[PDB]
Each structure stands twice: as structure tokens, then as C-alpha cells.
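Just below is one structure, and these are the notes that go with it.
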Amino acid sequence: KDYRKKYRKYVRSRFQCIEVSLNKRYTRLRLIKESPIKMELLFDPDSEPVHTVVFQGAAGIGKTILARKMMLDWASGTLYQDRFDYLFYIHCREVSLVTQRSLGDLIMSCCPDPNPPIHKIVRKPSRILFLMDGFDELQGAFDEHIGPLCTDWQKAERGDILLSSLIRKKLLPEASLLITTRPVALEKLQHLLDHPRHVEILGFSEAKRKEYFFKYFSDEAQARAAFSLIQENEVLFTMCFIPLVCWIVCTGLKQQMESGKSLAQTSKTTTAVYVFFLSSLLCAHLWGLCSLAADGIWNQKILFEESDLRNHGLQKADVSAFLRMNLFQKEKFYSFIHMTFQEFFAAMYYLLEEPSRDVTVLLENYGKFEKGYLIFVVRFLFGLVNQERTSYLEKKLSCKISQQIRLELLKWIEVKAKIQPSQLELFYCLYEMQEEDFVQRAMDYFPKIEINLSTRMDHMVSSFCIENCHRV
Ligand SMILES: Cc1ccc(C(F)(F)F)cc1Nc1nc(C(=O)NS(=O)(=O)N2CCCOCC2)co1
Ligand SMILES: Nc1ncnc2c1ncn2[C@@H]1O[C@H](COP(=O)(O)OP(=O)(O)O)[C@@H](O)[C@H]1O
Ligand SMILES: [Mg+2]
């Protein structure tokens, strides 16, 4: 315990906030097993012991916020006090898959001091819980054929071999492991898991959506009026089960209240919501952000060093302006406030009017772990090429380029309609487009409707597309 106390102290300092006190704005999330699940009992059997737990969650659903909340509660003695002597937080986006490294090196880097008692930490592996946050955010490729597997926590291995050996339970077999990932990445992960317990993060319930708006707005009057807009807008109310969406919408309505204009948000698509957020912050640095984003996705870079920023014309003062308006975050290293914003600007890179800009090359890499699957680049590309879309940002886009891309997207649907993209995913893309002329032609390529629904947003998106089928 001599060093455990020093470590828990360091954990309560880093994970005190979400970077805003974590306990202040944290709002209970909904978890379901494989029924409601309780944190303390997460590693209890039914049977063999449960060493691996997998958290499936949508982008922005709150995987990282929940991992940080667990670090904090445990460090405070509220959670797993009797179970684990150590929790180590592994931020997958920082772990190179190429650099040779030892599990000891990895543990030591989670520690505050340079010379920790690593050999003591490892004496009781069953008392360790590894928290891998954002498996999908590993940069580069990653497949089940990796090998050979390592059984020595001191031996240095390529990052991919290291993580594979850890996930397969070859390294420290009886240590516990908690992985958070987006569902799409389970294609790769599933073949390594050993008797996993799968949990699903569902986000905010209707009552928790209200709670968030009230925790966000110090003034109750603002909270209740901001939430009234949501209640009135079927699409936003439904979409606000994603906590990230709650934060985007709340931050936007905040500006309107500072401007004094009567509150009103009429967004109908995710693209509309993300455009409503950026416009509220307002044009000179527009090209720079899209270049950086497109480069980051193509070359697998989430974290951007100052050399990359100056490389794309973003001077140090320009970056300080993004931090002020909460469009950038520093973590030396800079990154986008969320990966979805990096895909949004990457999509816009193909539509700006004066990395390759040939959309056909982009679509060839769709759904590949190596590039990050490109799920939201395509969704945002469908919504941005929408002719009906109008805004100060629409003028920066090229009508000619939008037309060429609109035509290629349609050829793309025709092939896929006759693996990823599923039919439901294409419904999300078509829902972003909205244009009935486009959607009606696209919907005719499908021989049959074949979908599986889980959420209200699934129902809404698929109802919109079914209604736009031809009727004899
Ligand atoms: C940020 C956001 C805004 C608005 C909406 C809403 F409008 F929809 F509410 C949803 C989200 N979040 C989100 N995350 C994923 C996500 O990560 N999906 S995925 O990659 O796992 N996938 C499912 C597995 C099969 O492949 C298809 C792709 C999809 O949507
Ligand atoms: N439980 C929560 N309470 C309050 N805000 C949340 C919560 N979960 C997510 N958020 C919001 O989402 C953002 C980060 O989401 P994140 O945890 O990174 O989701 P993911 O890791 O699944 O993308 C934060 O800025 C925060 O405002
Ligand atoms: Mg995350």
C-alpha cells in the first residue's frame, strides 16, 4: 500500500475533471448487460471468473467520460476498493502500434514518477485492472493474424503484438481488462476476446437529457427554455440521447442567449447540428482545418504537434483562438474536441472552393480499420452536398464539386445496394441528404428492406427512407 496510496493520489489529480469538475456535470449513463448492470458487480460471475468486460458505445456516447469516472471513483475508494490494487488507464489513441514496447514500459508510463516499483506492482496480476479506452481509435492497421504472442511482461514487442497478447490474456492471464470501443470495431476485436462480458452504453434517457441541460445552465430559466426547444423538435429530442449532442446543442444555444436573439433551432440532421455549432462560433482559417483533418484521417493522426499546425498555416495565435471557443483541445500535442469533428472537416475538405480530393479514392477505403472506417466522413459528405442546405458556410463550398460528388455517391449506393455499409447505415446517409430526388432514386436500387432496429433514431431514419419508395 506504500506506493498504492501515492498512485491513487496521482489518479485523483488527473481524473478530477473531464478535461469542469467531473462530479459536477457528470450525468448517469444507461448500461445494459449482454438488464441493468451495476458497476461494483461488473466483474461478478453467474461460473468462471469474469476477467474481460467490453463496453460497446456510439461515438460521443460517453465512453471516455465513463472510463475517467471509474478511475476517479476507484481512486477515491468508492469503487472496487476490495478488488483491484491498481487501475491503469490506457488511452488507445496515444499507443503506437509500431513502436516496440514492454508491458512494464506501458505500466510505468501510467505512473507519475519515472522510477516506480514495477516488479512490486506486478506481484499480484489478479489485482490489476487495465482500462483500454477507445480501441477503435488505435491508429493504423490491426488484425487477428498478428503474432507470435508474448508471455513476458518485460519483453519489448511491437505495440500491436503487445496489445494483442494482452487482449488474448497471454500477458498476465488473470489480470482484469476493460475495453471500450465503437461497435464497428468489434469486427476485429471479437476474435481475440476470451469469454468476454459485453455491456452496451445507451447514453441519456429522456429524464437525463433534462438533467444535463439543467446542470449545464447555471440559471434555471435558461435551462428550462433551452430544453423547451428540444421538446418541440422531434429530431433534436431524439438525437439528444447522445451526450455529445447535448453538449453541442447547449453550447450553441448559449451563444444565441448572449446575442439576445429569440431562441430557435430547427435542425433536422446531424450535419445541420454540426453546422449550427460552427456558425455560432463565427472564415480565414477554414481551409487550414480541413487540410489538417483530411491529412490526419488519411495518415492516421489524431494528435497533432505544433509543426503540423504551422505546416497547415495554423499559427500559434490562430490555435489559441480555437481553444477559446472550444473547437480545439491540447493534450506539445493538439487534437480536435472530438473525432467526429475531425471527420466533419475531413468531409468538407472535398467540397471547398479554391492529400487527394478524389472522392472515389475515399470510398475505396470505406469501412477499413486502417483509416478509421470513415463512417462519419461519408455521413457528413451526404449532408453537406445537399443543395437545399444554405448558410454562410454554403458559400465557401463549390456547387460544381458538389454536383460531381452527388453523382458519384449515387453510383456508390447502386453498387452497395446489390459487409459494410449495411442497409441501415445507408439509411443514415440518405437521411442526411434529405433531398427526395436523390433519396427516391437511391431507394429504388434496393431489392428489399432488410434492417435491424434498436433505437428511436433508427426508427426515424428508416421510416424517412421507406416513405420515399415508389408507390404504384
Ligand atoms: C455523433 C452522433 C451524432 C448523431 C447521431 C444520431 F443522429 F444518429 F443520433 C449519432 C452519433 N453517434 C454515432 N456513433 C456511431 C458509431 O460509432 N457507429 S459504428 O461506427 O459503430 N456503426 C455501427 C456498426 C456497423 O457499422 C455501421 C457504423 C454512429 O452514430
Ligand atoms: N456522462 C456524461 N455526462 C456529461 N457529459 C458527457 C457524458 N458523457 C459524455 N459527455 C460529453 O461527451 C463529450 C466526450 O464524449 P466521450 O466520453 O469522448 O464519448 P466517446 O469516448 O464515446 O466518444 C464530453 O465533452 C462531454 O461533454
Ligand atoms: Mg473517447
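Naming works like this for the C-alpha cells: A, B, ... for the chains as they're shown, residue 1 at the start of each chain, ligands 1 onward in shown order.
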Could you make a table, as CSV, of the residues of chain A that have an atom within 7 Å of an atom of ligand 2, each with its nearest atom pair and distance in Å to one decimal, counting only C-alpha atoms and all ligand atoms, in chain and number order?
residue,atom,partner,partner_atom_place_in_ligand_line,distance
A:25,CA,ligand 2,4 (C),5.4
A:26,CA,ligand 2,3 (N),3.7
A:27,CA,ligand 2,3 (N),4.1
A:28,CA,ligand 2,1 (N),5.6
A:29,CA,ligand 2,1 (N),5.5
A:57,CA,ligand 2,22 (O),5.8
A:58,CA,ligand 2,22 (O),5.8
A:59,CA,ligand 2,23 (O),4.2
A:60,CA,ligand 2,19 (O),3.6
A:61,CA,ligand 2,22 (O),4.4
A:62,CA,ligand 2,17 (O),3.2
A:63,CA,ligand 2,22 (O),3.8
A:64,CA,ligand 2,17 (O),3.7
A:65,CA,ligand 2,17 (O),3.9
A:66,CA,ligand 2,1 (N),6.4
A:134,CA,ligand 2,21 (O),6.5
A:212,CA,ligand 2,4 (C),6.8
A:243,CA,ligand 2,10 (N),4.7
A:244,CA,ligand 2,12 (O),4.0
A:247,CA,ligand 2,27 (O),5.2
A:338,CA,ligand 2,18 (O),6.6
- Got a sec to tell me which of stretch 169-368 of chain A DSSP assigns to strand (DSSP E), as a list in words? residues 176, 177, 178, 179, 180, 181, 197, 198, 199, 200, 201, 202, 203, 328, 329, 330, 334, 335 and 336 of chain A
Keeping N, CA, C and O atoms for every residue in the selection just given, could you write it to a file as a short mmCIF file (atom, residue, chain, number, x, y, z; two decimals), in the first residue's frame?
data_model
loop_
_atom_site.label_atom_id
_atom_site.label_comp_id
_atom_site.auth_asym_id
_atom_site.auth_seq_id
_atom_site.Cartn_x
_atom_site.Cartn_y
_atom_site.Cartn_z
N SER A 176 -7.40 -8.29 -14.92
CA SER A 176 -8.67 -7.88 -15.49
C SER A 176 -8.46 -6.83 -16.57
O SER A 176 -7.50 -6.05 -16.53
N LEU A 177 -9.37 -6.82 -17.54
CA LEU A 177 -9.26 -5.96 -18.71
C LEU A 177 -10.63 -5.41 -19.06
O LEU A 177 -11.61 -6.16 -19.14
N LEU A 178 -10.71 -4.09 -19.26
CA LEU A 178 -11.95 -3.40 -19.58
C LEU A 178 -11.72 -2.58 -20.84
O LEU A 178 -10.97 -1.59 -20.80
N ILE A 179 -12.36 -2.98 -21.93
CA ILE A 179 -12.16 -2.36 -23.24
C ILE A 179 -13.42 -1.57 -23.60
O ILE A 179 -14.53 -2.08 -23.45
N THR A 180 -13.23 -0.34 -24.06
CA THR A 180 -14.30 0.46 -24.65
C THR A 180 -14.03 0.61 -26.14
O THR A 180 -12.90 0.91 -26.54
N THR A 181 -15.07 0.42 -26.95
CA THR A 181 -14.92 0.50 -28.40
C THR A 181 -16.23 0.94 -29.03
O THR A 181 -17.30 0.84 -28.42
N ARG A 197 -17.54 -10.38 -21.23
CA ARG A 197 -18.86 -9.91 -20.84
C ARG A 197 -19.12 -8.61 -21.59
O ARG A 197 -18.40 -7.62 -21.39
N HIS A 198 -20.13 -8.61 -22.45
CA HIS A 198 -20.43 -7.45 -23.28
C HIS A 198 -21.47 -6.57 -22.60
O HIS A 198 -22.50 -7.05 -22.14
N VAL A 199 -21.17 -5.27 -22.53
CA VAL A 199 -22.08 -4.27 -21.99
C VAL A 199 -22.28 -3.20 -23.05
O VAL A 199 -21.38 -2.92 -23.85
N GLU A 200 -23.46 -2.60 -23.05
CA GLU A 200 -23.82 -1.59 -24.04
C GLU A 200 -24.12 -0.28 -23.34
O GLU A 200 -24.94 -0.24 -22.42
N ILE A 201 -23.46 0.78 -23.78
CA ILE A 201 -23.72 2.13 -23.29
C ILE A 201 -24.80 2.74 -24.17
O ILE A 201 -24.63 2.86 -25.39
N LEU A 202 -25.92 3.12 -23.56
CA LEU A 202 -27.07 3.63 -24.31
C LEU A 202 -27.21 5.14 -24.25
O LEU A 202 -28.03 5.70 -24.98
N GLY A 203 -26.45 5.82 -23.39
CA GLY A 203 -26.49 7.27 -23.37
C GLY A 203 -27.50 7.83 -22.40
O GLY A 203 -27.73 7.26 -21.32
N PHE A 328 -10.84 23.32 -30.21
CA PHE A 328 -9.61 22.55 -30.14
C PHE A 328 -9.29 22.28 -28.68
O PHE A 328 -9.73 23.00 -27.78
N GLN A 329 -8.53 21.21 -28.45
CA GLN A 329 -8.09 20.85 -27.11
C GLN A 329 -6.63 20.42 -27.16
O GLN A 329 -6.21 19.74 -28.10
N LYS A 330 -5.87 20.83 -26.15
CA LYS A 330 -4.46 20.48 -26.04
C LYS A 330 -4.31 19.34 -25.05
O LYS A 330 -4.93 19.36 -23.98
N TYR A 334 -1.93 18.67 -29.88
CA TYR A 334 -3.26 19.22 -30.08
C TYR A 334 -4.11 18.21 -30.83
O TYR A 334 -3.61 17.42 -31.64
N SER A 335 -5.41 18.24 -30.56
CA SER A 335 -6.36 17.36 -31.23
C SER A 335 -7.71 18.07 -31.29
O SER A 335 -7.92 19.11 -30.66
N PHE A 336 -8.63 17.48 -32.06
CA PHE A 336 -9.98 18.01 -32.15
C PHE A 336 -10.78 17.63 -30.92
O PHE A 336 -10.58 16.57 -30.32
#
- Contacts of stretch 270-275 of chain A at 8 Å or less, counting only C-alpha atoms, minus same-chain residues fewer than 5 places along, as a list in words?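 Non-adjacent residues within range: residues 248, 249, 379, 380, 383, 384 and 432 of chain A.
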What does the file look like for those residues with N, CA, C and O atoms, as an mmCIF file, in the first residue's frame?
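Wrote out.cif, looks like this:
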data_model
loop_
_atom_site.group_PDB
_atom_site.id
_atom_site.type_symbol
_atom_site.label_atom_id
_atom_site.label_comp_id
_atom_site.auth_asym_id
_atom_site.auth_seq_id
_atom_site.Cartn_x
_atom_site.Cartn_y
_atom_site.Cartn_z
ATOM 1 N N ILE A 248 -23.141 19.861 -27.710
ATOM 2 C CA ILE A 248 -23.100 20.704 -28.903
ATOM 3 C C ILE A 248 -24.290 21.653 -28.917
ATOM 4 O O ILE A 248 -24.140 22.866 -29.109
ATOM 5 N N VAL A 249 -25.492 21.115 -28.700
ATOM 6 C CA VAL A 249 -26.700 21.936 -28.738
ATOM 7 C C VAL A 249 -26.667 22.984 -27.633
ATOM 8 O O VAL A 249 -26.957 24.164 -27.860
ATOM 9 N N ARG A 379 -21.175 10.127 -43.925
ATOM 10 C CA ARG A 379 -22.423 10.732 -43.463
ATOM 11 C C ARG A 379 -22.405 12.245 -43.660
ATOM 12 O O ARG A 379 -23.342 12.820 -44.224
ATOM 13 N N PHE A 380 -21.344 12.907 -43.191
ATOM 14 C CA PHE A 380 -21.267 14.360 -43.311
ATOM 15 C C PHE A 380 -21.135 14.793 -44.761
ATOM 16 O O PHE A 380 -21.539 15.906 -45.114
ATOM 17 N N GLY A 383 -24.707 14.938 -46.182
ATOM 18 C CA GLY A 383 -25.462 16.088 -45.718
ATOM 19 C C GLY A 383 -24.943 17.408 -46.250
ATOM 20 O O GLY A 383 -25.719 18.346 -46.444
ATOM 21 N N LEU A 384 -23.633 17.503 -46.491
ATOM 22 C CA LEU A 384 -23.053 18.771 -46.927
ATOM 23 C C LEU A 384 -23.325 19.049 -48.401
ATOM 24 O O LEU A 384 -23.497 20.210 -48.786
ATOM 25 N N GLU A 432 -29.252 12.084 -44.035
ATOM 26 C CA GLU A 432 -28.501 13.337 -44.050
ATOM 27 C C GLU A 432 -28.753 14.118 -45.336
ATOM 28 O O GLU A 432 -28.816 15.352 -45.316
#
- Item | Env. residues ligand 1 / 8 Å / only C-alpha atoms and all ligand atoms / as a PyMOL selection string | chain A and resi 57-61+182-185+238-242+244-245+269-270+340+367+373+375-376+420-422+424-425+428+457-458
- Message: Rounded to one decimal, what separation in Å do you get between atom CA of residue A:209 and atom CA of residue A:251?
- Response: 14.4 Å
- If we count only C-alpha atoms, what is near residue A:403 at a cut-off of 12 Å, once residues fewer than 5 positions away on the same chain are taken out, given as number ranges by chain? A: 350-351, 382, 384-387, 397-398, 408-410, 438
Distance table requested - stretch 285-345 of chain A against stretch 88-99 of chain A, cut-off 9 Å, only C-alpha atoms: one row per qualifying residue with the closest atom pair and its distance in Å to one decimal, ordered by chain and rising residue number, as a tab-separated table.
residue	atom	partner	partner_atom	distance
A:301	CA	A:93	CA	8.8
A:302	CA	A:93	CA	7.0
A:303	CA	A:94	CA	7.9
- Task: Assign secondary structure with DSSP using the backbone only, and return the residues of stretch 146-206 of chain A in alpha helix (DSSP H) as a ChimeraX atom specification.
- Result: /A:159-167,186-189,206
- Residue among A:55, A:86, A:153, A:446 lying closest to ligand 3, counting only C-alpha atoms and all ligand atoms: A:55
- Message: My list of candidates is A:310, A:6, A:136, A:267. Which is closest to ligand 3 when distances are computed with only C-alpha atoms and all ligand atoms?
- Response: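 Going through A:310, A:6, A:136, A:267 one by one, the smallest distance to ligand 3 is for A:136.
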- Could you name the residues that touch residue A:377 at 10 Å or less, counting only C-alpha atoms, but leaving out those on the same chain fewer than 6 positions away, as a ChimeraX atom specification? /A:294,297,340-348,362-363,366
Just C-alpha atoms for this one: save the residues we selected as an mmCIF file, in the first residue's frame.
data_model
loop_
_atom_site.group_PDB
_atom_site.id
_atom_site.type_symbol
_atom_site.label_atom_id
_atom_site.label_comp_id
_atom_site.auth_asym_id
_atom_site.auth_seq_id
_atom_site.Cartn_x
_atom_site.Cartn_y
_atom_site.Cartn_z
ATOM 1 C CA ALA A 294 -8.086 15.279 -44.117
ATOM 2 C CA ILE A 297 -7.512 10.727 -41.301
ATOM 3 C CA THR A 340 -16.466 13.372 -35.146
ATOM 4 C CA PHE A 341 -15.358 16.965 -35.684
ATOM 5 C CA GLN A 342 -12.170 15.720 -37.359
ATOM 6 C CA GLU A 343 -14.265 13.645 -39.763
ATOM 7 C CA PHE A 344 -16.579 16.618 -40.346
ATOM 8 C CA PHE A 345 -13.751 18.869 -41.535
ATOM 9 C CA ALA A 346 -12.268 15.970 -43.499
ATOM 10 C CA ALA A 347 -15.544 15.648 -45.414
ATOM 11 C CA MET A 348 -15.582 19.400 -46.043
ATOM 12 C CA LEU A 362 -12.015 7.903 -50.338
ATOM 13 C CA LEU A 363 -14.894 5.489 -50.943
ATOM 14 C CA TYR A 366 -14.607 2.969 -46.569
#
